[PDB]
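Below, in structure tokens: the form deposited in one PDB entry, a single chain.
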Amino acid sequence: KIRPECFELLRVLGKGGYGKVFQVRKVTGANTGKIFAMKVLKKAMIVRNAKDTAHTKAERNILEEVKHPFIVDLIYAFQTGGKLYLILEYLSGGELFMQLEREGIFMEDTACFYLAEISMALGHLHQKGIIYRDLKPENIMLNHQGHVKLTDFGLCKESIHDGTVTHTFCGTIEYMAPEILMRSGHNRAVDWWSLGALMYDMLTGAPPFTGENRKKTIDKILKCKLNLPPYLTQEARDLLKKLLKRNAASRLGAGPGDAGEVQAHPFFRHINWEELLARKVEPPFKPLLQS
């Protein structure tokens, strides 16, 4: 019988229109002393909106059935009259965004590591019928060792929203596929575009299609006129060209091979997928050692 009173609030990890994420300590039971992350959703707001309700149930179901080392673990879920609670593993490594902002640009073997781990998470979600959509660096966390964790499966985390039918334009749209922005229907190919955009950001310091305003940023994304940096290896350039294509069906990973098709690319040739999945490959950055 898990109740709100079983946890002590330590601090706020995030705050949005739909609720808050806390670092908490369990103070009862066999996990006494153990640290978790706790998402607390405001029920009253969600219940009114039918698609907000659906999407909230969806996140629960998703994390309940997913189990993979590169995806965040859900431990408990419970409810009161006013609140919905998700108890997830606490990830002390911070957002991948922080590493990139620290470093400016990643070396290629640094990028390769993260992108490889992410590709295995995506392959797992794709086998389960799940589409991540947005691989902006703030949507990816690191655990205590420095390994990747995908975390963004729930409601829009933003404090103000764009429109009142979708939550597509509320955050940055710089890592999203053209077909998502056009709302013309899409599938898992959307994730491989986004991996390409993340990769481009890692290796050049900014996402591939940016404008001074949103309307121009959107136009740039739909146009999809890619600028490949000359200083990147031929392997990195070949992979970026195959991910960032306007024709979704023709992206690497779009076909039946999915992740295995991307994982076979020469850019990832030094990866042992057995060791990586087992988390035996040393990460490029150790959050524990970070001053």
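Take the two forms, superpose them, and find the largest set of C-alpha atoms that agree within 1.5 Å; that set is the rigid core. We number the residues from 1 along the sequence you see.
The same protein has a further form, the form deposited in another entry, not shown here; the description that follows concerns it.
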Next on the checklist: Which single residue of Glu138, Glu179, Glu89, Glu108, after superposing the core, moves its CA by 2 Å or more between this form and the one not shown?
Outcome noted: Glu179
Checklist entry - Rigid core fitted, is the C-alpha displacement of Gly14 between this form and the one not shown 2 Å or more? => result no
Item to check | in that other deposited form, shift in Cα separation for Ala197 relative to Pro178, 3 Å or more | outcome: farther
Checklist outcome for this item: With a difference of at least 3 Å, the CA distance of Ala248 and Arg183 in that other deposited form shows the atoms closer
